[PDB]
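Trainee: One structure, as structure tokens, below. Some questions next.
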Amino acid sequence: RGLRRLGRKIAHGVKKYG
């Protein structure tokens with residue numbers, strides 16, 4: 001569940017708490 005595909009589903013660059 002790495003932040004590679006979810007980033008676009010949540011927010012490009014939301015590696016942080018978001």
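By convention here, the chains of the structure tokens are called A, B, ... in the order presented, each chain's residues are numbered starting at 1, and ligands are numbered starting at 1 in the order presented.
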Please list as a PyMOL selection string every residue within 12 Å of residue 16 of chain A, counting only C-alpha atoms and excluding residues in the same chain fewer than 5 positions away.

Mentor: chain A and resi 3+7+10-11
